[PDB]
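Data first, discussion second: the structure below is written as structure tokens.
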Amino acid sequence: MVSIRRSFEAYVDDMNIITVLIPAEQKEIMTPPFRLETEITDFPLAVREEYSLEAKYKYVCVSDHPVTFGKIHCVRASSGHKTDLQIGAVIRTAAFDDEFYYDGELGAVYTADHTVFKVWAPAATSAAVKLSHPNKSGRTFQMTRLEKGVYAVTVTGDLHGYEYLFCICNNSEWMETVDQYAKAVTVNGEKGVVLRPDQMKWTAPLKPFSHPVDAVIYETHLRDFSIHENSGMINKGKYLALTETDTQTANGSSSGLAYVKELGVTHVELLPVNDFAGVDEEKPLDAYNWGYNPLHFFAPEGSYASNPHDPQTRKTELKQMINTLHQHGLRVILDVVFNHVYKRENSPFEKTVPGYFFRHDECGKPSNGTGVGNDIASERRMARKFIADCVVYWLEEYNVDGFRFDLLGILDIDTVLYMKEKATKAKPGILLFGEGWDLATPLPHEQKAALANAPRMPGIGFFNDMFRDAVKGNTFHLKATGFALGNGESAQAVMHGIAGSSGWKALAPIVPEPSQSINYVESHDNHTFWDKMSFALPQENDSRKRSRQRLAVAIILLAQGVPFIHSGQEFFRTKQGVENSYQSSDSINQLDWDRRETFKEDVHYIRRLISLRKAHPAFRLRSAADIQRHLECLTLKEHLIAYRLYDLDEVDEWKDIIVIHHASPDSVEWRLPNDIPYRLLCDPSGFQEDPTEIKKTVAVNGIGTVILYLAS
Ligand SMILES: [Ca+2]
């Protein structure tokens, strides 16, 4: 690794302190007094303290006046030697943040007449914009430093289609980088692209969503969803697939958009659609990736587009997909990754303002609470601005309906509340939730947007890992089993989840209100419910396993809270035992439409459970207080849980509702809390077309759910 040759080193580690490092074998030569120099300036430096290091001797110096950024600084030793003042830790100080915070817009501001380019690079001494265009003249123009560390330049002419890169000079080293706010990029996101507004017209206006507990979330990956040969969709693994109406499998079973609509889901959650690394857009079939390797936060991923070479195309297709879903009454949730970037060292953040956008440990090294290399320092003011900017942009430009925050716990609460204010204002009713894991990132525990602090984040939901493990079984231990798999030890936790996880007797609340509990038993992470259960119950036949998985769905779908379903879960999706399929082949990750046909009856069961939920508000109480007033547990045994919803006068169409979950293949009788005749709406066999009436007792035969209801 080559480098600029320098006599000694000097860094601005704080607004008024300069650290001078002198190579050991020069300690007696390059000695103090040290002076700071710049055009029009030459001041003395006071040595607060000095001490030896491995191969260098250090001097912690103080300056009477705070360092002025944007200009090259020289520090001279008494020996006459000099070196350029480099950037130190000063960038991560509150003082530095308050001095340079910029509240204006950044990026490329286009007009048919001219484009204004702006980049925040407070610690830099120079910046320029590099313009290029297919078969055209390339030009690089110096940018001017304005207030708040912002560099800008106005380029006359119509820049539509022009590619651009920023050149930022930090510590006398120029780095080339894509605009952090790039809203379009070239294939494989190598350069940003300036594009005129595409005049997209949203023709499927939707009123703000009623309430979180009224949603049914369906998590899917754009490639997985339609890549299968029998998917019935033409644009396999592309944005346009979901725009295809009335598609069906070879045997005639509904597929794609029609399928999703038919299931009764309200929100389709998509894995990362912003540009990420992991798939060569030039050869999309040669590799696969979930997409959790952020490159450009304001631009779409190119492998899902019909043509990744034409900058506007991916934008057009993602917007059409979203508008079409809306035309069909479906809403969209975007999985976003503001907790880290792919390859910190070469990221736009690091190349523009070194050390600013990432958290560091006490030793000065990048923290790794995310476990993937770096943690975005959301608490830094321009980072908080970026995240808020990004969320509002996706809402305004792509008209989405919510966001699932990957590693939500890595973000700081103030940032979360700040973006929430801006996001809900731009789009009333949107869903905002994520995995509030308490991770080892350098933030005080009460500042982490973790589950534990849910009480301070009203309007933000969290994946309920407790309810997940209670029903399915511990996720960390393959063999561990949950209530649905026959473990009576988790019956109470399950009942707690059924009640919205907002407190149950001796059990402390998981979240304050049910609107904040994302109830699920499967997601793209870890083994699918089918594969997990297959390892935990190696001696159980497929038929029984199917009943257990259907049981887990009924528990979640008939539970207070916000139901979440992993795509393919409805038909026992399997990944061949793969635990973490982030980069596995399509054979592993594709949505198996053949399996969808095979278990069309099971899929139908979950469809009925969803319709049941939608037709009865009793399952969608809006507060822990209302739940305490209409839900009560009637029986809690190792393999049997019976609860009921009552006093539903102005709540439900039905006067009383009883739900019994049985997790054992044996048969048992269950006494009702009264002798009034009820309607047998469902049993382990599934829903009954013509509900028979039963009295005093009811048979509970095998694994499954029985539902009784009293009309009015
Ligand atoms: Ca990409």
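Each residue takes its place number in the sequence, starting with 1. Values below: every heavy atom of this structure, side chains too, minus hydrogens, waters and symmetry copies.
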Does any donor atom in the side chain of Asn399 or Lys427 lie under 3.5 Å from an acceptor atom in the other side chain? yes
Ring centroid separation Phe349 to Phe357 under 6.0 Å: yes
Quiz question: by atom type and distance under 3.5 Å, do the side chains of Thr475 and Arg468 form a donor-acceptor pair? yes
Is it true that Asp412 and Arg384 make a salt bridge, defined as a side-chain N closer than 4.0 Å to a carboxylate O? yes
Are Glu397 and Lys319 ion-paired here, with the side-chain N under 4.0 Å from a carboxylate O? yes
Given side chains that start at C-beta, do those of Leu558 and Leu609 come closer than 4.5 Å, heavy atoms only? yes
Between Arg573 and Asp531, is there a salt bridge with N-O shorter than 4.0 Å? no
Tell me if the centroids of the rings in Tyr582 and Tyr292 come within less than 6.0 Å of each other. no
Report yes or no: is the cationic atom of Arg381 (NZ for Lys, CZ for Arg) closer than 6.0 Å to the six-membered ring centre of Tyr101, at no more than 45° off its axis? yes
Side chains of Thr370 and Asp375: any donor to acceptor distance under 3.5 Å? yes
Aromatic contact between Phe386 and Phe297, with the criterion being ring centroids under 6.0 Å apart: yes or no? yes
Begin from the C-alpha positions of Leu408 and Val416 and carry the test side chain to side chain contact (heavy atoms under 4.5 Å, CB included) through to its verdict. CA-CA 9 Å; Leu408 201 201; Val416 172; 4.0 Å; yes
Let's go through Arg548 and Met533 carefully: what are the C-alpha distance in whole Å and the side-chain angles of both, what is the deciding distance for side chain to side chain contact (heavy atoms under 4.5 Å, CB included) to 0.1 Å, and is it a yes or a no? CA-CA 9 Å; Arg548 283 200 158 66; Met533 165 175 65; 3.8 Å; yes
So which heavy atom on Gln516 is nearest to which on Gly459, and how close? OE1-N, 4.4 Å
Below 30° counts as parallel, above 60° as perpendicular, anything between as tilted: where do the rings of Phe463 and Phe564 land? perpendicular
If the threshold is 4.0 Å, N to carboxylate O, is there a salt bridge linking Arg607 and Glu262? yes
Closest non-hydrogen contact found for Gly107 with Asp179 is CA-OD2, 3.1 Å
Answer yes if the ring centres of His221 and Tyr288 are under 6.0 angstrom apart, and no otherwise. yes
When you check the side-chain N and O atoms of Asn589 and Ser581, is any donor under 3.5 Å from an acceptor? yes
Side-chain touch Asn580/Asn526, heavy atoms, less than 4.5 angstrom: no
For the residue pair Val268 and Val260, establish whether any side-chain heavy-atom pair is separated by less than 4.5 Å. yes
Note: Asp335-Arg404 ion pair, threshold 4.0 Å (strictly below): yes
Quick one: do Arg595 and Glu570 make a salt bridge, cutoff under 4.0 Å? no
Any donor-acceptor pair under 3.5 Å from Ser231 side chain to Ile227 backbone: no
For residues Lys532 and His477, report the shortest heavy-atom separation together with the two atoms involved. NZ-O, 2.8 Å
So for atom CD, which belongs to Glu345, do other residues, nucleotides or ligands contribute more than 12 heavy atoms lying within a distance under 6.0 Å? yes
Any heavy-atom pair between the side chains of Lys575 and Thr528 that's under 4.5 Å? yes
Is it true that the NZ or CZ of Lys545 lies under 6.0 Å from the centre of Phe572's six-membered ring and within 45 degrees of the ring axis? no
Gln569 versus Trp530: any side-chain heavy-atom pair under 4.5 Å? no
Sub-4.5 Å side-chain heavy-atom contact between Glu219 and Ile565: no
Show, in sequence, the C-alpha distance, side-chain angles and deciding distance for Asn339 and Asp406, and conclude whether the side chain to side chain contact (heavy atoms under 4.5 Å, CB included) test is met. CA-CA 7 Å; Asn339 57 261; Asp406 185 55; 3.1 Å; yes
Ring centre gap for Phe535 and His527 strictly below 6.0 Å: yes
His326 and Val332: side chain to side chain contact (heavy atoms under 4.5 Å, CB included), yes or no, with the steps? CA-CA 8 Å; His326 283 177; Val332 55; 4.1 Å; yes
Taking the six-membered ring where the residue is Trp, are the ring centres of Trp593 and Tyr259 under 6.0 Å apart? yes
Looking at side-chain heavy atoms only, is the closest gap between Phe209 and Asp401 below 4.5 Å? no
Kindly give the heavy-atom pair with the smallest separation between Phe338 and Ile387, and that separation in Å. CD1-CG2, 3.8 Å
Distance-only polar pair, side chains of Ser303 and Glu301, donor-acceptor under 3.5 Å: yes
Both conditions, 6.0 Å and 45 degrees, for the charged tip of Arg223 above the ring of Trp290: are they met here? no
Please report the closest heavy-atom contact between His360 and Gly364, naming both atoms and the distance. CD2-O, 3.2 Å
Do the side-chain N and O atoms of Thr441 and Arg359 include a donor-acceptor pair separated by under 3.5 angstrom? yes
Please work out which of the three classes, parallel, tilted or perpendicular, describes the rings of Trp120 and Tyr356, given edges at 30° and 60°. perpendicular
Enter the distance from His340:NE2 to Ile410:CD1 here, rounded to the nearest 0.5 Å. 10.0 Å
